[PDB]
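A quick write-up on the structure given underneath.
To find a chain, count down the sequence lines: A is the first, B the second, and so on, and within it residues start at 1.
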Amino acid sequence: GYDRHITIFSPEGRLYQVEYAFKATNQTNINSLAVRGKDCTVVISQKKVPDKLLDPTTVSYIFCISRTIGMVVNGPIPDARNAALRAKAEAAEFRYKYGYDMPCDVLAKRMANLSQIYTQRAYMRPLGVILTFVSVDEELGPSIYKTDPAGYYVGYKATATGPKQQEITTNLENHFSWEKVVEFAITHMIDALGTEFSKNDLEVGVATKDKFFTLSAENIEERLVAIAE
Amino acid sequence: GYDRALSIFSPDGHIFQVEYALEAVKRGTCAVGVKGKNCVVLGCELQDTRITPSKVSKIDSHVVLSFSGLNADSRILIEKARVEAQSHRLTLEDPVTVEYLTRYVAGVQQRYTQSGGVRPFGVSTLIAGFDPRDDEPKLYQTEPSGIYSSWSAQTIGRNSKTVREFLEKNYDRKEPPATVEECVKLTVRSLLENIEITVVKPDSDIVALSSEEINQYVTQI
Amino acid sequence: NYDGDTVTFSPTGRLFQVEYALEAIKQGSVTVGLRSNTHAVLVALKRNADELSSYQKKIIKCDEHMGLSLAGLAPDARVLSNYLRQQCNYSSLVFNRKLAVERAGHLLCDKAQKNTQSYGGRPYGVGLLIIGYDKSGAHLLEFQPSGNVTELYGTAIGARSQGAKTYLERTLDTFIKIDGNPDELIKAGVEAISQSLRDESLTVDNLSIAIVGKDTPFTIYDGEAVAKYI
Amino acid sequence: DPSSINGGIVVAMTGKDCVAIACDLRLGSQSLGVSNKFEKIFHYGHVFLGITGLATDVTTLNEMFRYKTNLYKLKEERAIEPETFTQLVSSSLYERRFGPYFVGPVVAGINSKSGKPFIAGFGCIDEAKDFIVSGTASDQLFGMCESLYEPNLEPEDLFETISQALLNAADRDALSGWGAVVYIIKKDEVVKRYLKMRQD
Amino acid sequence: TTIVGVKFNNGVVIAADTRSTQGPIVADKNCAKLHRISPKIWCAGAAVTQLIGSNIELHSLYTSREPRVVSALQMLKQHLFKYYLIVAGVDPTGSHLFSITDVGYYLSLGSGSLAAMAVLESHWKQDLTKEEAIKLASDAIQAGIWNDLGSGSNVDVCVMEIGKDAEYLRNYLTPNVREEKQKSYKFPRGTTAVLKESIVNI
Amino acid sequence: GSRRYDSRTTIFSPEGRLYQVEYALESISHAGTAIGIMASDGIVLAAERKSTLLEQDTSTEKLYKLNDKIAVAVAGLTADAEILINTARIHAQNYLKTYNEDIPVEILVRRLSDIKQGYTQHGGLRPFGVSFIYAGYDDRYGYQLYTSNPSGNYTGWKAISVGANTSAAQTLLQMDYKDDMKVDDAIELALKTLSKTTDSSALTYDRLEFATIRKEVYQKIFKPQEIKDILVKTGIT
Amino acid sequence: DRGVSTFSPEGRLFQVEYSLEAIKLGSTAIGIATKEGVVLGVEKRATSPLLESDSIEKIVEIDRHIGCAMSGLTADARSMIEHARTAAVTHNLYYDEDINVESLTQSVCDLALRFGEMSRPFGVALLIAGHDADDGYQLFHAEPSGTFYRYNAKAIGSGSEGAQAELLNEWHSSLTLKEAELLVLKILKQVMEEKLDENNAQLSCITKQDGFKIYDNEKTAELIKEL
Amino acid sequence: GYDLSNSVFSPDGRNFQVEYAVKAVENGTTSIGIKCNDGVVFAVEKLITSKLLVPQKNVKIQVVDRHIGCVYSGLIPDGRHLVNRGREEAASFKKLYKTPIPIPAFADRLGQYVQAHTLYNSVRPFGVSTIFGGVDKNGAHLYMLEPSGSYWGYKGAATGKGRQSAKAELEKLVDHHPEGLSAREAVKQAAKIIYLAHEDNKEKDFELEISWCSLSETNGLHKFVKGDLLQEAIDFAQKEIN
Amino acid sequence: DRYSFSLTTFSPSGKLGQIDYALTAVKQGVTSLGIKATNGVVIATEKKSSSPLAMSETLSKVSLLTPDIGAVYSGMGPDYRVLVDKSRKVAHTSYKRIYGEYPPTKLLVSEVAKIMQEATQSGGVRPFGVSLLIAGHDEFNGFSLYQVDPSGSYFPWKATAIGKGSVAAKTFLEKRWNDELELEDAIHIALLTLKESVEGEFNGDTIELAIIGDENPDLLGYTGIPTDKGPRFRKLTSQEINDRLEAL
């Protein structure tokens, strides 16, 4: 009866607490998509701020892990900030130990191994977040690596996360400077979700060769205007 | 560290794990000890007899320990008793008295009934011997709860109640068995309600009776 | 389902183990605290298990400037009073400073709270009234197992403490202005605690009184020393 | 210097399909000679080990290597080889880098698979192809081995070469002597010989 | 000991002498001083290498990437700082030459370092080819061999080129081969007196 | 807290028993049968394996050397046994390092059984699900045959079986065992008992692990061909 | 299950309340404090005639002027006594003076609630009797709950409910020591299931002159005849 | 049966113990925070449970370092436990570095601590929601931190029993004043909103406590509003009721 | 961590339930097989992709443990990933630091199984939900193929399959395996066996195959050391697998 409350095996060989952490990734009802250009990686995340008392510049599910790596999280922001702090410490520690910046895939494996421990030790619960790491690796180029509560991670050509991740995913499958790549992702998110975006409804992160950065509401509005033209 | 309180009070004031540890003792084999004027006789009723350990174990040159209950648990108690007896010699220059050894063994058993993460020993021990340079026989008993007491004659294990009833009428505290023969014959008679006999005598004179001697006692009875 | 541990919230947001520790005080004997600007008074009704037995100590002295009274689990009070003595002792050693009564209450606040959020411990089953005198004057503090520490003019904790507390509210405008007449402030405390009695009357063995003030070190009255106040 | 407290020397030589390891037998306490039966050469299977230096360390290391090579044989179901044993010695010694044993170990043996003679000196491995020396008379042993040794000596010739090198170096060492033992090691047989030497 | 490291237009070369000494006595005449940390990262010193190389291999398997010379340098630097080397190699970021930390186009360590640096300072030029770099690194080692008592025997050379496999030229030069002895000192059999003989049951 | 999920492995039953030990003994009762027979001139260890594609010539899953003079037959969880076998090998080598003598068989058996008992009294962990048969020689008692179970009890035997069908195997051993048999006679008794206690229709060399200790003492863990040879001449073929 | 340090909805610790009912099953212990001393008496309650009743030590010495009786799980008492003896000895080492009886009772009672995940509270109750210059002859009742009271006369154990009522009737401030000896024996004879004699009951006294003394079976027998 | 432990996901992916900790917060007294054009104003309703309480002495608002003010609703001992961690965290930042800890940096440190109390069943979630903020080198910041560890920046924040009415009034304040409120006038609305929010708890009297941290008024340091300004806000709040 | 007790305990029937449930997870995993030939071992598995936009090249289900030892799994991938990390580390710290060489296959397998048994008896941990097929070569034992179970039990095999279609695959391997098989024959049998187990597309991108065979000095990365042989473990590329599938 307690197999559903801690991460031990059920008689069917399943970890229900891990499966329930997947359910926790969609509580925020936020959809995100990551696309790779030939030179840049772009993450578009929905920015839903219903309370008018909120300071919108603080509402953010995109984190700058290092100079080159960015992370977008699908799930509650306290668990999102927990993973972000851990990823930043891992990135800085890798640079200290090995003399060069951690690649996006190494960090994704690094964080997936941490999620694997929560999956096997009873006193740690899984974090109910899905972590998408993006960077332009100096060896592998633009990169998307996504981690889930199960400790599973893999690289992606493009990816979408959220309640409507399927609608975005098939939309990307059919299709299959960074400003154009941003304009592509915003347009494809509009078509997939069937909803026009204002400058306040979107979060944009861009991984380039030298740095990862996030666009401001003014920069996003500039891209929205370009799509209008 | 695992520190779950396994031995706790029931609503009726009982510690069930200690009560169940006593049940393990009552399913042990036997330890009949008859203390006389000069003797303390300990007895019990494809196996390789050479290498199967005798139940009576020498804690030191002068103190022996028989037991009843879980054999595996007893080895740990006997090992702790032997180490303690050597340490007392090492630091206090003197061999242990039978009461001091009994107090230490019962202290370990009591410690396991109120320590987290451990279960009580399912062992009751009959500790017999003589104090150093002394000659009055000692026959103590310890139980899983940690209670220790001195007896003129005592039995532990299966059929203990029947044998103790037999001892309570054949042994008389007015006139204890005066002769070593009386110590053995009373012990054999109690065990007759296979026999092993160990006689503990002063000045570390501890001997186990041969099967030929025991047969003479049995045939006489 | 939710009362077995202090680490669990009830569906309504309640902590039942903390509330059950609160019930321990309500099972204890009533002690009354009140203060004027110059003096703070502890009045305690000591309880005896048997008429062949003595009466359990209710008032504890920390130092010359501060002391407390307990209601509930006496061993918990000693643990807290020992911790309170350590804090007051630390202030004198490291700073040559008398620990403020308000600061001392917050140290009890923090110690009590740790047992309500971490597994393994239990909330303290004792309530305390701490009186003290410092540079800011007379202080009376009520400590609760939940960690709540409150500064009051007067208060009562223990069994039937509502009768004493109701009287203190009615008398509030009087005893706060008693000022530099300590015997009249003790008198007002004795009347308040007499409002919490049901069958037994205040006797020489029952009553225990403590006081601390401007030029009054913390002194406890027991036995015949309280006969003038009964 | 604890290595010079007890004295003693160990020399190993490679021949044609054979190795030889030799040592003196003196166990000394500074100038005083205590024992003439302290053999410094041990074997674990077909791998031979000579240890010079502090005698208590020699006994401690032999017990440690008998310990490790026994667990190796139980785990591996095969006897350790001289090249593997050399790595085992090297890692064991550096396992006490700042608590070192005051020893000089010499490995001699023939690899059971390849059949090639193997000798080694030391944590840093000196896997020489001609000879290894160790002890208080290493300088005397270097002079004798460098002059006498020639490659591809037959086992009978190898015995004479390593014996004469050992005897003459021990004669010029104050703390070496009181007898000598030579092991002529081949794949099929191992011969142990005690040498006649000066007893001063 | 004489170790040099010379960077050329497409890689780095390290060279060393092969003499090991215990005081004034040559213990090993053919000690190998060029130690491999990874296939294309090699180290030379005037245990820490076999442990750093072990963790470099584990780190490379973990990251699924080729080892970097900065990673070996960082690991050696952190390990040695916790309690004198030349680290050279080629990684995806190019060829590197470090000493333990200073970079350099040429380096030298050991007892023969000054003799080697004299040859390097005299003959080193920018944009050396691979053949010239081997020649320069070898002559620097030869200078230490002839002029420094602590250096001798042979020259070991390791060449790490950016697009190629590392090539370890063990005993690249052997300028100190002993001449044939005047006489043969083979004893006639039976010369040594034997007190006892016994077969050992192995 | 975790208190709700604790199984309380090291507690007594109301009858004075230990559930996990009794459940661990139930586990071994379904393991392959291992038999030890102590003859006048040595000891015989025989174990029944419990597929065509299995590499039988390499598989050594029930008989292990602990020493040059001590071997164990294993019934139960082989992974748990490998943990205990490693400690016994280290303990035997620790004894040789201390005293320069081979460890007595009983000292080794006692130490291993003390490890099993420790998991039964404290720590909150489950017992080892392993029963051992120790066949050993030492200068004090000569050939000795011990057995140990998850509870940590060890007893000396002349002939003993562990694993599946222990009751049946012990009945056959009681009927046919003599104190004065030789190893070859003891070997023969081992296969007949295994043949008459195996759950399979026939006993073949691929299903068998065989070991003997004979006098210096020599341990021989039989190769599949040697098992095949001894199988034919015994008559089981 | 429930945690050992849990409160009940009425404000009482479950394990402490359960431990108190273990004491109710123990042998009776009676103590009377007078101006000339304190008399402690216990019911031996030997389980068998073969049991050597002279080995039952239910009254022990803590310090030269401090002794106590025990009732309940007397195996738990020995740990509490050893702590009490150490505290009395440590006081003399640190202060060059004998420990006060109330302070000794405080040191013992500090162990009472020091349990939780000590696995359980002690299942034994003590009657601590002692003398000192600061407070004279004193008798305390230490409980596993951590509470203790000073008693003029107190009875604990199986027969405590009836014995305490009898102690209420019989105790007065002018009792002499010999009256206390008879009173303790009188109540013990009243509540013991067995017929009271010198082999199934024990007496002890604490006086300023003689310290803590346990009465021999001979001396107790003469005192038994006086009844 | 998924609500008896802290770190358990329900089949829907919810942590019910964190939701139960929120129920404790909603039961607490109303506390608010208003971010003005150059500072932050904190106001809290202090229920007068008895006449025997010493007025203006049971202070609820706490300072962290010298520039951060914290107010919370729910289990007051939990809030003090959080502030004690915040003071340790603000100090350790001021030792390794030298600047006073930035407000966003301080918000993350508290958020990690509160989130860490939802990771294990051996610990209980915080039973408070904290409104905290102050003035740093980047201006004024206002945060509300929930029992889950979630926190956001706010123009105006409210928790407690009268949080719904206080949020309605704070929304009007944001609507009517896009230019940014002034620190002195925000103190008056803080009094007004607390008094308005008290109608949901009118069964008992209450004491109003206000504090502020303004770059101009308080020189970027957190100070309690006392004296004439406190009484002026009370009169404004009392007048604004009618 | 308050979990210090075993989460895997014996049942009244003697079963260890958490081990049985861990074995159930393996049986639900993707089918992976291993075949031992005279001159090599081949381990193969299906690469099941979660999304069509996932880069399956980044997910390697076959891992090099040592240059001459490789591993494949069925079951929980994250458990395998951390077991491989521990197995590689133990192959160095426990063996190669001491003896200067990589362990023989059976010794690494026993060390991997020791890690698996610890998750079965230690406090507060579930067992690993993977069975590993470990293929290797060592100088004294030659080529070997081992299956390691979640309980920590390991067994040598001539050929075996684990996972979803292990029962059907093992029957097919019994028909085709013989003691005279060459490595190329083993690869051909492996692809046929994996063909019957793969549901959808069967090509070099959906199949991961590795071999332990001849030493590869071209994969050594350096020359000049005659005794340094070169890795025997070799993962076949998608182009190589396609070639053997085109000429199937």
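Salt bridge I/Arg232/I/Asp214: absent, no basic N to carboxylate O contact under 4.0 Å. Salt bridge status for A/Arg110 with A/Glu90: present, with a side-chain N to carboxylate O gap under 4.0 Å. The residues D/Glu76 and D/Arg78 are annotated as salt-bridged, a charged nitrogen and a carboxylate oxygen being separated by less than 4.0 angstrom. Under the 4.0 Å criterion applied to side-chain N and carboxylate O atoms, A/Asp137 and E/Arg65 are assigned as salt-bridge partners. A salt bridge links E/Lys130 to E/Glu167: one of the charged nitrogens lies within less than 4.0 Å of a carboxylate oxygen. I/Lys36 and F/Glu55 are joined by a salt bridge, as a carboxylate oxygen and a charged side-chain nitrogen come within less than 4.0 angstrom of each other. A salt bridge does not link E/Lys40 to E/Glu161: none of the charged side-chain nitrogens sits closer than 4.0 Å to a carboxylate oxygen. Classification of I/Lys170 and I/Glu174 as a salt-bridged pair fails, no side-chain N sitting under 4.0 Å from a carboxylate O. Taking a cutoff of 4.0 Å between a charged side-chain nitrogen and a carboxylate oxygen, E/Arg68 and A/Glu139 qualify as a salt bridge. Salt bridge status for I/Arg244 with I/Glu184: present, with a side-chain N to carboxylate O gap under 4.0 Å.
For the residue pair I/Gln239 / I/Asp243, a side-chain donor-acceptor distance below 3.5 Å is found, with atom types taken as modelled. For I/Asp149 and I/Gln147, the side-chain atoms include at least one donor-acceptor pair closer than 3.5 Å. Between the side chains of I/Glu208 and I/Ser60, at least one donor N or O sits under 3.5 Å from an acceptor N or O. Side-chain contact check for I/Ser238 and I/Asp205: at least one donor-acceptor pair (N or O, by modelled atom type) lies under 3.5 Å. There is a side-chain donor-acceptor pair under 3.5 Å between I/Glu101 and D/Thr84.
Here the options are I/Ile189, I/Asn39, I/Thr38, the test is side-chain contact (heavy atoms from CB on, under 4.5 Å), and the partner is I/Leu181; only I/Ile189 passes. Paired with I/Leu209 under the rule side-chain contact (heavy atoms from CB on, under 4.5 Å), one option of I/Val72, I/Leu33, I/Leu191, I/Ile43 passes, and it is I/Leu191.
Judged purely by atom type and a 3.5 angstrom limit, I/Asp68 has no side-chain atom pairing as donor or acceptor with the backbone of I/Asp138. I/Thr31 contributes a side-chain N or O that, together with a main-chain N or O of I/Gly165, makes up a donor-acceptor pair within less than 3.5 Å. A donor-acceptor distance shorter than 3.5 angstrom exists from the side chain of A/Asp148 to the backbone of A/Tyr152, with no hydrogens or angles considered. Side-chain atoms of I/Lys158 come within 3.5 Å of backbone N or O of F/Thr52 as a donor-acceptor pair. Side-chain atoms of A/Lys157 come within 3.5 Å of backbone atoms of I/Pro52 as a donor-acceptor pair (strictly under, hydrogens ignored). Judged by distance alone, the side chain of I/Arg81 and the main-chain N or O of A/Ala112 form a donor-acceptor pair under 3.5 Å. Looking only at distances, no side-chain donor or acceptor of I/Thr160 sits under 3.5 Å from a matching main-chain atom of I/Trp157. Between the E/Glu57 side chain and the E/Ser54 main chain, no donor and acceptor come within less than 3.5 Å of each other. Although no hydrogens or angles enter the test, the distance criterion places no donor-acceptor pair under 3.5 Å between the side chain of I/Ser197 and the main chain of I/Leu194. Counting only distance, with no hydrogens or angles, the side chain of A/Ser135 and the backbone of A/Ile69 share no donor-acceptor pair below 3.5 Å.
Using a 4.5 Å heavy-atom threshold, the side chains of A/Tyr98 and E/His59 count as touching. When side chains are defined from C-beta on, E/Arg36 counts as touching I/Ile225, because their heavy atoms get closer than 4.5 Å. In this structure, I/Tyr95 and I/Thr93 have side chains that are not in contact, with every pair of non-hydrogen atoms separated by 4.5 Å or more. Two residues are said to be in side-chain contact when any heavy atoms from C-beta on lie closer than 4.5 Å; I/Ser94 and I/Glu111 meet this criterion. Counting only heavy atoms from C-beta outward, the side chains of I/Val90 and I/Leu108 approach each other to under 4.5 Å. Looking at I/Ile134 and I/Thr105, their side chains come closer than 4.5 Å, going by heavy atoms from C-beta outward.
Note that CG of I/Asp79 and CD of A/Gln120 are 5.0 Å apart. Values are rounded to the nearest 0.5 Å. The CG atom of E/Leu51 sits 11.5 Å away from atom NE2 of I/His92, with the distance rounded to the nearest 0.5 Å.
Both the sub-6.0 Å distance and the 45° axial angle are satisfied by A/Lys109 relative to the ring of E/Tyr62. Because its NZ or CZ atom is both nearer than 6.0 Å to the ring centre of A/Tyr156 and within 45° of the ring axis, A/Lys146 counts as a cation-pi partner of that residue.
Residues forming a side-chain contact (heavy atoms from CB on, under 4.5 Å) with E/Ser38 (at least two apart in sequence, or on another chain): E/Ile41, E/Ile56, E/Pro67. Applying the side-chain contact (heavy atoms from CB on, under 4.5 Å) rule to I/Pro67 yields the partners I/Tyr102, I/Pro231; only residues at least two apart in sequence or on another chain are considered.
Contact between I/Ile19 and I/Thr120 at its shortest, heavy atoms only, is CD1-CG2, 3.5 Å.
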- Query: Could you go step by step and tell me if I/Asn178 and I/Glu180 meet the side chain to side chain donor-acceptor pair (under 3.5 Å) rule?
  - Reply: CA-CA 6 Å; I/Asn178 61 77; I/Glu180 292 196 340; over 6 Å; no
- Task: Would you check, one step at a time, whether the test side chain to side chain contact (heavy atoms under 4.5 Å, CB included) holds for A/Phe94 with A/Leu107?
- Result: CA-CA 9 Å; A/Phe94 184 103; A/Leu107 175 60; over 6 Å; no
- Task: Check the pair E/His35, E/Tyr168 against ring pair (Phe, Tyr, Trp, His ring centres under 6.0 Å), reporting the backbone distance first and the verdict last.
- Result: CA-CA 10 Å; E/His35 312 300; E/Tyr168 181 46; 9.5 Å; no
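A/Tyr145 and A/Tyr153 have tilted rings, their planes meeting at an angle from 30° to 60° on a 0 to 90° scale. Ring pair I/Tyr80/I/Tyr73 is parallel by interplanar angle, where below 30° counts as parallel and above 60° as perpendicular.
Checked against the 6.0 Å centroid threshold, I/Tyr21 and A/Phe9 do not count as a close aromatic pair.
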